[PDB]
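# Remarks on the overall topology
One letter stands for each residue in the lines below.
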Amino acid sequence: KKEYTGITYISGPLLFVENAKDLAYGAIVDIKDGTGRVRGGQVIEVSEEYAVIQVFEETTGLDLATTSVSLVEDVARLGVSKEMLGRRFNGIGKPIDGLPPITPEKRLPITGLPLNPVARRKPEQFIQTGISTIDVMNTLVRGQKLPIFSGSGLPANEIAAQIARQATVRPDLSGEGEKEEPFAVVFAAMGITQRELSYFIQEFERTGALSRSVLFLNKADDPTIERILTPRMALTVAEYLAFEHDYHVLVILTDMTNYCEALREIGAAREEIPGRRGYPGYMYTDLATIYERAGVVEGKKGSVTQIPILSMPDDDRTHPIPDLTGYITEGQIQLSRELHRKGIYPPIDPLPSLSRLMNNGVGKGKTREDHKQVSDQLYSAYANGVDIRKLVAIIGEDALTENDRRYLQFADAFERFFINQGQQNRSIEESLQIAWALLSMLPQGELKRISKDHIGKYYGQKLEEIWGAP
Amino acid sequence: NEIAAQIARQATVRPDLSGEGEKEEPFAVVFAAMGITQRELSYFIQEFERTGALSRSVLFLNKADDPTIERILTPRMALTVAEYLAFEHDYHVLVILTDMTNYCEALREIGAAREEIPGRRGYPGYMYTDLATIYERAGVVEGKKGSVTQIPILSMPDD
Amino acid sequence: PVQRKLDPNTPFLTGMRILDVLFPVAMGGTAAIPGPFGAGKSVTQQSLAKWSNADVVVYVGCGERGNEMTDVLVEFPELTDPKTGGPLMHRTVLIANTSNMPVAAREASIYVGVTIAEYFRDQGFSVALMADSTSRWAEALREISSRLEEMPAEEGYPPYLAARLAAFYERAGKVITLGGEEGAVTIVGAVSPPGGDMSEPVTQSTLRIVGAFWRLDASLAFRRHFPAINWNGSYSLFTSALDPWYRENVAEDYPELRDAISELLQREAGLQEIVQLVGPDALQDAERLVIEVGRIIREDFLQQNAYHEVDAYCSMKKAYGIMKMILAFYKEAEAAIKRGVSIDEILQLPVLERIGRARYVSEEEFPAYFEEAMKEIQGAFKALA
Amino acid sequence: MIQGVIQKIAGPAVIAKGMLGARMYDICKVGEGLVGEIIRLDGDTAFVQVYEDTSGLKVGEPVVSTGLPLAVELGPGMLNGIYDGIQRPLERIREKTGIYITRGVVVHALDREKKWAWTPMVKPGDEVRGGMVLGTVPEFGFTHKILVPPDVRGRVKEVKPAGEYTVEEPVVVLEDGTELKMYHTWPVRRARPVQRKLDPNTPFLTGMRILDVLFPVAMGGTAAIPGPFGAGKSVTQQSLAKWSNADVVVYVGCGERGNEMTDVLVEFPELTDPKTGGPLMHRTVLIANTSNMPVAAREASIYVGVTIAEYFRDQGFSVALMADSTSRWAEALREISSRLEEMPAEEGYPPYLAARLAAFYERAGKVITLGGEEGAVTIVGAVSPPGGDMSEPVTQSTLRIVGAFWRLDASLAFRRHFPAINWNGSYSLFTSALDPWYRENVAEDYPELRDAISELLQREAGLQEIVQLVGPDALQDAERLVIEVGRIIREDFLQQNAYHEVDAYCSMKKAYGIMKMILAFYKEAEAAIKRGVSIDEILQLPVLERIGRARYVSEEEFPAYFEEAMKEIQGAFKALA
Amino acid sequence: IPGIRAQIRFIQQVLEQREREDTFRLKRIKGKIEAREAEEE
Amino acid sequence: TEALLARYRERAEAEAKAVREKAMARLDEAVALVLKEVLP
Amino acid sequence: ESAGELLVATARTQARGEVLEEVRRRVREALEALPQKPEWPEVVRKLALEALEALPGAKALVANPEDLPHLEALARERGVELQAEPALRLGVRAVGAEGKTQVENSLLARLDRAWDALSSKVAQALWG
Ligand SMILES: Nc1ncnc2c1ncn2[C@@H]1O[C@H](COP(=O)(O)OP(=O)(O)O)[C@@H](O)[C@H]1O
Ligand SMILES: [Mg+2]
């Protein structure tokens, strides 16, 4: 137990210690004060003269005469185990569920290593989230990074919880017919409040989804360094499970805006010159190191999928955070305040949403052979209906043709039945059924983007779907 | 300037409506000018002469060719005189501060010489407190008949 | 310390129609009121202190005018506490640190106020805490850091401002006290962004923590339309959890009426884009009716007079009755429109004046007035048809 | 060999003491040893920027200076290989450490175990200069020439006979003791010397009719393309690589996202070289970087690729170099500049961004190599501004130095028009200099036909308001003829199918023939319109079908089909009268 | 539309200028604190 | 079928007691094994 | 369905945690009985030697007054000052030259540091 007491400076979150050249850079330390309370810290800089430690909590009660500094670990590491499933952690790996600590199978550095580009393979298979707007029009493929763009007052937490407790894989659609690979969800929440914490605990406990999930929860009043460390620990657990036990892992990061703010605060505390808009100049690299840890690997059956969630600061898509997130990931799902105020949940706007890997995750060997054509037909028809709804305001309905009235009614019904699915869990077949029922409102020859065989096979169904699932 | 002079000339209470007694107390005017040009000063002097108000007016004049750092002290001296008169001799004082923009300019110069952390557009971060220590000196005090009324004048840059 | 943190179930009734209906806040929640100078934050906070249903109100004047404190001190003893009927000042604790008081004491005043609120919560009461401005606290921190020769983060603020704000705001909530009782602390904080810019770091940091957000609008204040709350930029995250209480204590279909009102406002906001493009007369009859109903909602329900002897306070049932009347009139008007009745005829119907004046009816006369107005509304179209 | 110890560690910045004599921009080993770079000297102190993560280092650990700046190994063994930004073979890294790239790993760019068939071409006592040829090595059907380093002179004392040797073998030893191996090292930031730089008077044939005709690029020129999603940029790049004049293709990733780089890495090994049956990778060099790789590698990838291309053209070949997204490289440069606390110029970028872009783009050109032979490098760099704005500084800086601009559009791709280059926004600056070659090698009136086609397209585009407002049937006969001729052009000349067996490649002769057929039909139709014939009758003529099928005719069979169609064109009008 | 575009670019340039000035001030104060802690010996 | 938790409760109690009795067998051996490493 | 599986899993985890805590408590109590064994002076001398060797240039050594006589001979050969400390039980602490650095070598601290690593070994020994 090496101990240091040569503290010569305390101010803000920083304290200096002398004759501490034995501390490795980036090490984790614990500071003991005069009363015996122990609080943690991290080495920010080490030199011959003195070392600089950033304190996790506030520096109340410290003094230069009694406090001492001890080493905990040279490199920040997390002890992972296959029995972490069903447990809750506080962002530094400490259980907060009231159960004894896990026995570590091994200890891994949370700053993982980059994947070899020649070791990756093409993402090929999809994930069923149970939300018809995502499954049909913005399909999520295993190994993809598909963020969700949210607003200030929009209900992103509800959507995150619903996706977490509804997502699953569909092997029988690919011809396998076997549920050989298990499915796990890693949920990381950064800078949440007590209300959100209680809501997430209740949601994961009431439906039994906790039995296949790992939760890293970091509250708003916790140290910001814990907020920095949380996604790295979550991704370390996800990678360990996926590439050492052949799991299919879905990772959800609840608020990347809080992470960016914490990163900016940490960078400012270390006296670094900011970049564009006052954010750190290395923010793109940090976001890339977080996001690029997902994927699929040649010779491995596991997979890692990420669904980052972030609130756009001023509903501005040119803000640095959404700009870089979209510049790294493969698309986005856009929430709409108009739909939310009109009473539609989940308020997902299909027109600005985009999935850049959807074409790989649909076809004849997976989902259904008419998936892509139905999706793009729905897109075009909804865009036309929305355009017509604006003109009918001024020129009146009776001045419109019959086809324009059909498009108007189709847009209204699409919003009322497709997007507004409530708390229901729709399979891909149910979503395609509802889509075909909606498309049948248009004339026989109006479905210009769909081949004749699929039209002859599926056209003509009536609307008897949402009424069967109250 | 014309509006301030007209207000100073025409201001009067209406005890007949309020039923407070026909005391009919004339206003005493404390006039502080910071970085004022000769034209504005001449206009104000001639107006006060014409209305016969210089017999009950205290003037603190800091012209535009005067040193710029003196503006830190002028409003404080003017308000000290106003407070003394109001709360020690029951006068009803009306204070007119000609231009707070020049005061803010002098404050910014001093702050930049000391390399204070600036607020917006380079003004020192303590400018809110600095202005509040000047404006908050007006009002009425329980148990006393005096009063201080402030009419600062400031020009918005580029409106 | 406390035993446990509970979920929000009961609403914090501020006595204002727009806040208590469109953007409710639950007992134990947090809210923020940003806005430029002259928008009316101080009057709103004073109205909350006067009319809210908290047992104890703690008011913290962190860096604001002393005339506000003198107004409270003079006026409150003459008013009556709605709960117990005693003087209003007998339930109020006032912490004052005015603009020209020492700058370093603003943070101390904030902490003293929140600690006193926590103590009164520990005694088992329902406490409301109101900070007059946290921007002054941020400015004090910036001044101290400038003296310390630190490295500022953004616009001169110290790096730990967000952490301090989060720590302050996270003490609110409904808890089980260490003695086994139940109490709560509700925090309503005001923000004063420089130049009215909502991109300022203090407002952005507050936006990520609070559960309600009541943005004030300068254009509405210029028109003298009060409380002058921007409906487009405001929200509330407690709406869903308070539905059972509303159904039990207000009316069975109250959430449906609230949703209908919000949808009408959304449709009017959507139509305003076309209105400002081609003028209000280019629209059809249905769109014109929607615009007129939105105007009626704005000028007869959301609007409220803080100085009126009756309009100052409004119970939940009164708001429910008013919105029920408005919705019934809208339904009858659209039915009449479908039958070819001109829009200008509808606007001249005499029941509109009754609906507009309904806000000034006292709490005792209102139950009969609502029935009379509903019968008049039914007759004005159904009997006229 | 300068050795020192660590004095201070602060993030990626390391301060080393006892380093007097270390040069300014040398590569250093930090720690036990992570690769770094010196960026500052002060007394006995040197500032080192470490490429990788420094967590876990301690004060006092050794620091060693290799004494040389960033460089690449040029020699046999680079073809059919995949490298990172600083020429680290990813295949052998995977064979060593598995799916992750562990820090501190060391591998050589050129394999030290393989044996090559040496064939000397020099004799003892012969004087040699930089750039001369010493021998010959076969490589996947190529004739790799062993070249003297540019700054080496002397005369031969001994040469090894033909046989098997490794790249480490000193094949030729000069009289002053200098030993020449099969490879040498060159700094990535210094342009390789040439005898002379030639004028751009020969074309770089792409194989695509629109790029080859309307917006040509000279051999050794530069071009830029956007990167909008859904516009089929990748297939266009693959077709360009397959059907170009270039003997060797160099591809640079420079910080693309993971899945796109995965697609690129798994698609080229499937491509087939049209000039043979083997895979296309046998004459291709890949440089791949993901966004989570070290920033220094992402910054140096462009220079590494262009230096490799320069070496390959120094051997006497023609090389096509493609940069996948220069925007990501500019982003890495901006981050590096921010690390040095430099003053931003405009929108966060350093003031020297344009200088770096010019220093990269100006290495391209057709030259006379030091060996007296001729070679060229052609650069086609993609720029993908976030949001699709062309006012972004990188795009403005790029467009002021490139010779051509091929504006890919997603609107054309939405209506199944491929290769989807928008002819309205695109342009080229090489036509005037390339006209004499077109006259001498294709046809005397080729520029006139090209100008006529361009004018027809411009006139057809100028009528888009009227046709959108009132409809096509409401136009006159002349306007309707213009619209239909524009449609014929769009559907028969500009449009091209990359997956077709015969349509994938089109020489200049076939394009000239198609243009002449279209113009002849246009003139005949105009004359018939003047003679009172209806446009609806003209659109029903059978020769239009013959014109439409022209682009699916084999190259050797084309002239007879062209003659028959040219006869039918005049037959369909004059004979009916 | 072009007028709104001109207004947008004008405001953008103003904001960028202010950000550049703030960065200059930050560099100044960082240099001063380093100089103080160095020359204080 | 609303009283189906009794089976799971009995199963959980049985497995917990089985785990405890399985672990109690080598308690002293585990103590010795860890104390061997704890001592210098 | 999932509720029963979660309940049985958490019951198993609770049982494992309880038996591991029992092992930890047994070892903690066992280490308290060490000083009465005849080898206590030998092991405390070895611990002091290790602590001193780990801290070059140590100027002083502190220990329990009861353990003070055993290390008196070792103090002479190492040439360092010794002093008494009632609080320092089951361990010995070496003070650096300037007094800013301290090295504490006590059985409880060693157990706390090594239990994290040895938990897996204990589990695999208990459950095979
Ligand atoms: N709800 C209201 N009802 C009536 N008048 C109001 C109301 N809110 C604000 N006002 C008027 O607008 C003024 C706004 O002043 P104040 O509330 O102090 O603003 P702020 O808090 O932004 O400084 C009040 O003095 C009052 O005259
Ligand atoms: Mg106020």
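Rules used in this analysis
Residues numbered from 1 in each chain as written, not as in the entry; some residues may be left out. Chains lettered and ligands numbered in written order. Part of a larger assembly, values for the part shown. Heavy atoms only, no water. Helix = DSSP H or I, 4+ residues; strand = E, 2+ residues; numbered from the N terminus. Contact = heavy atoms within 4.5 Å. Areas by Shrake-Rupley, 256 points an atom, 1.4 Å probe, with all protein chains shown as cover. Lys, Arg positive; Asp, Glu negative; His and termini not counted. Charge placed at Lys NZ, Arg CZ, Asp CG, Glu CD. Buried area = accessible area lost by both parts, 1.4 Å probe. Salt bridge = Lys/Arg side-chain N within 4 Å of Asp/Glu carboxyl O. Core = buried A, V, L, I, M, F, W, Y, C linked by side-chain atoms within 4.5 Å. Buried < 20%, exposed > 50% of the residue type's maximum accessible area, 1.4 Å probe, protein only. Near = heavy atom within 4 Å. Polar contact = N/O pair within 3.5 Å; in protein donor to acceptor, adjacent residues only side chain to side chain. Nonpolar A, V, L, I, M, F, W, Y, C, P; charged D, E, K, R; others polar.

Method of structure determination, per the deposited record: cryo-EM was used for this entry, reaching 3.2 Å resolution.

## Concerning the overall build of chain A
From N to C terminus, chain A includes 12 helices and 19 strands. Considering only C-alpha atoms, chain A reaches an extent of 85 × 55 × 40 Å along its principal axes. Contacts in chain A between residues far apart in sequence, at least 24 positions, make up 72% of those at least 6 positions apart. Counting every atom, chain A has about 16700 Å² of accessible surface; 48% of that belongs to carbon and sulfur. Of the charged side chains in chain A, 54 are positive and 64 negative, and the gap between their average positions amounts to 4 Å.

## Observations concerning the interface of chain E and chain C
Contact with chain E, which involves five residues of that partner, is made by four residues of chain C. For the pairing of chain E and chain C, the buried interface totals around 340 Å² over both sides, and the portion due to carbon and sulfur atoms is 68%. Ranking the residues of chain E by area buried against chain C places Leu26, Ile29 and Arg36 of chain E at the top, with a combined share of 76%. Run the count over chain E and chain C and you get one salt bridge.

## So, the nonpolar core
All names here are of chain D. Formed by 91 residues in total, the largest nonpolar core has its most connected members in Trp406, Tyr446, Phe521 and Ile538. Looking at this core element by element, the count peaks at 13 residues for helix α14 (residues 508-530). In contact with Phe521, other than residues within four places in its own chain, are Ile538, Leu541, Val543, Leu544, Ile547, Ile569 and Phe573.

## What to know about the site of ligand 1
Residue and element names in this part refer to chain C. In the neighbourhood of ligand 1, the contacting residues comprise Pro36, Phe37, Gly38, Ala39, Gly40, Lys41, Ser42, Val43, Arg65, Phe226, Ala306 and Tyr307. Interatomic distance of 3.4 Å between a backbone N/O atom of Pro36 and an oxygen atom of ligand 1. Within the contact set of ligand 1, an oxygen atom lies 2.8 Å away from a backbone nitrogen or oxygen of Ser42. Contact with the protein chains covers 77% of the free accessible surface of ligand 1, which is 560 Å². Looking at the shell around ligand 1 residue by residue, the class counts come to seven nonpolar, three polar and two charged.

## So, the environment of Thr206 of chain D
Residue and element names in this part refer to chain D. Along the chain, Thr206 turns up in the loop between β18 (196-197) and α2 (209-214). For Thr206, a relative accessible area of 2% gives the class buried. When sequence neighbours within four positions are dropped, the list of residues in contact with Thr206 reads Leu211, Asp212, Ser239, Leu240, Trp243 and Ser244.

## Considerations on the interface of chain A and chain D
A common way to report how large an interface is uses the accessible area buried once the components associate. Every contact between the two is made by 47 residues of chain A and, on the other side, 51 residues of chain D. Taken together, both faces of the contact between chain A and chain D bury some 4600 Å²; the carbon and sulfur share is 55%. Counting across the chain A and chain D interface gives four salt bridges. Linking chain A to chain D there are 15 residue pairs in polar contact. Counting residues per element, the ones that place at least two in the side of chain A that touches chain D are β5 (38-47), α4 (224-245), α6 (283-291) and α7 (320-328) of chain A. Residue composition of the side of chain A that touches chain D, by class: 22 nonpolar, nine polar and 16 charged.

## Quick word on the pattern of salt bridges
What the rule picks out here adds up to 109 salt bridges over all chains. One salt bridge connects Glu118 of chain C with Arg121 of chain C, and the closest N-O pair in it is separated by 3.9 Å. In this pair, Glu118 of chain C and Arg121 of chain C both sit in helix α4 (residues 105-122), three residues apart, roughly one turn of the helix. In terms of burial, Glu118 of chain C and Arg121 of chain C fall into one category: buried. We note a salt bridge from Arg25 of chain G to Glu22 of chain G, for which the minimum N-O separation is 2.7 Å. With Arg25 of chain G and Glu22 of chain G both in helix α1 (residues 2-32) and three residues apart, this pair spans about one turn of that helix. Residue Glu22 of chain G is classed as partly exposed on the basis of its relative accessible area, which comes to 26%. What emerges from the salt-bridge pattern is a single network uniting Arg192, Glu310, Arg313, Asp314 and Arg363 of chain D.

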